[PDB]
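Colleague: so I pulled this structure from the PDB, and the sequence comes with it:
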Amino acid sequence: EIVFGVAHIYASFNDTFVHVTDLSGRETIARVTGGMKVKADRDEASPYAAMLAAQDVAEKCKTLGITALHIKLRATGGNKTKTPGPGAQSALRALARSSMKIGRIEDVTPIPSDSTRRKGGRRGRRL
RNA sequence: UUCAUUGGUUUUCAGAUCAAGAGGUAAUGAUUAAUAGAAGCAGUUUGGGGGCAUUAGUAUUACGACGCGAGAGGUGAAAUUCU
């Protein structure tokens, strides 16, 4: 009846991913992103494109019979940003308002115990 | 010094100094413990203090495999760069 894949929405600066896959994570369903939806090479990050990604996946997993999903945000925080970018809320609105009745809203962004030396160098990114 | 003068014999004197008594009545003799300091201590401890051993944590790169698709990275915008 109900069936549960996951979503793995990876919403950063400059890009957004919607990567629906198995309960394991391996066998993917509708890998597509928002960066393959707007033809400008700067427009990849827009909330239009995160919908325009999620306007495609949320039907395609229905063509694979997926009724329900879990959500896993990502930021892209390594040493880096550690907050989801502009099109994170643009996907979950686009995904949930396409008849995918979901509950689990988690955030697997990485969070290290003071790891190595992000770039820029001690004064960096002077603007 | 007196033995007129002068010494062998030795005492007073012992000008003396050094032993010397148990002639040792002796208040017999050692200041306080700095809100100085060092030191000690069932002490009770406390601290990312120091050294060496022991290990842990996610993350990062890399590499493997499995799946999925072609775009991914980056910028104010690109491109070099990866596929």
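Modeller: Good, I have the coordinates. Numbering: from 1, shown residues only, chains lettered A, B, ... in the order given.

Colleague: just the element for the residue in chain A positioned nearest to RNA strand B, please.
Modeller: Taking Cβ to the nearest atom of the strand as the measure, the point where chain A comes nearest RNA strand B is residue A:35, at 2.1 Å. Bear in mind the C-beta positions are built from the backbone N, C-alpha and C, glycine included. Using DSSP states H and E, residue A:35 maps to neither a helix nor a strand.

Colleague: so how far is residue A:16 from it?
Modeller: For residue A:35, the distance to residue A:16 equals 7 Å [Cβ to Cβ, to the nearest Å].

Colleague: what do these two both touch?
Modeller: Here residue A:35 and residue A:16 have A:44, A:49 as joint contacts, going by Cβ atoms under 8 Å, 6 or more residues apart in numbering.

Colleague: between the two, which one's more packed in?
Modeller: residue A:16 (30 against 16; other Cβ atoms under 10 Å).

Colleague: so the more buried one touches residue A:50, yeah?
Modeller: Yes - using Cβ atoms under 8 Å, residue A:16 is in contact with residue A:50, at 4.4 Å.

Colleague: common neighbours of those two, please.
Modeller: With Cβ under 8 Å, 6+ apart, residue A:16 and residue A:50 have common neighbours A:34, A:87, A:88, A:90, A:91.
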